[PDB]
């Protein structure tokens, strides 16, 4: 199984697998059942911003999701990622729908990773516009880019309607060096803006920023509550 650290923006409460009964942001460490969640007021059809921060000094994985009206939800979990993640990973964005659905539209994604020692190795990318053939993104499942400049992680119908039982992921093409024993600080941060729209009656299932082994694939069956991240709900 892939190893997954994710920040989930979870729109649909799966209380049978330990979701709280509200939409929530969560920190997931090798389980879809978040280690820490904060209640999240998903603003339907508004553009949200998620920021994700981690460094190896504080070892606190933090996320905020905010919308321009000012509503933000924040979650943090102290976790030593040296002990969770492979040294080398791919970073990505993941989303899913199951019985219920939503557009899981990414409008921008930025990532910076650094390994500082005494004084740096670093990777930074930013996408504000996704291109039709976006050669530095590995698109998995139903994930599609361009020409509107967005990344549609999951299926949107011609008529604009999001489709259920969809999953897709974008991963940055290059492997990322997320920790290195000799580094005194390893840090990463990620930001993405997203547009979750549910016309129908209930948004599902959510969007995750995730970090995984290099060869990470969509686990078979990982539509719906599994967010394209996990093979099961353990």
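Positions refer to the first chain, counted from 1.
*Asks:* Pick one of none, 1 to 3, 4 to 9 or 10 or more for the number of deposited-sequence residues not modelled between residue 119 and residue 120.
*Replies:* In the record, 1 to 3 residues between residue 119 and residue 120 lack coordinates.
*Asks:* Quick check: 6 to 14 versus 214 to 222, which has the larger average CA B-factor in the record?
*Replies:* Averaged over C-alpha atoms, the B-factors run higher in 214 to 222.
*Asks:* Got a sec? Mean C-alpha B-factor, which is higher, 186 to 194 or 201 to 209?
*Replies:* Looking at the recorded C-alpha B-factors, 201 to 209 comes out higher on average.
*Asks:* Tell me, please, which of 129, 94, 113, 103 has the highest C-alpha B factor according to the deposited entry?
*Replies:* Checking the PDB record, the top C-alpha B-factor among 129, 94, 113, 103 is at 129.
*Asks:* Looking at 46, 39, 33, 51, which has the highest CA B-factor as recorded?
*Replies:* If I rank 46, 39, 33, 51 by C-alpha B-factor, first place goes to 46.
*Asks:* Determine, from the deposited record, the chain-internal third of the Cα B-factor for residue 135: lowest, middle or highest.
*Replies:* Residue 135: CA B-factor falls in the middle third of its chain.
*Asks:* How does the C-alpha B factor of residue 147 compare with the rest of the chain: lowest, middle or highest third?
*Replies:* Its C-alpha B-factor, which the entry lists for residue 147, ranks in the highest third among residues of this chain.
*Asks:* Taking the C-alpha B-factors as the PDB entry records them, is residue 173 in the lowest, middle or highest third of its chain?
*Replies:* Ranked within chain, residue 173 CA B lands in the middle tercile.
*Asks:* How does residue 83 rank on Cα B-factor within its chain, lowest, middle or highest third?
*Replies:* As the PDB entry reports it, the C-alpha B-factor of residue 83 lands in the highest third of its chain.
*Asks:* Using the B-factors in the PDB entry, rank residue 157's C-alpha atom against the chain and give the third, lowest, middle or highest.
*Replies:* As the PDB entry reports it, the C-alpha B-factor of residue 157 lands in the highest third of its chain.
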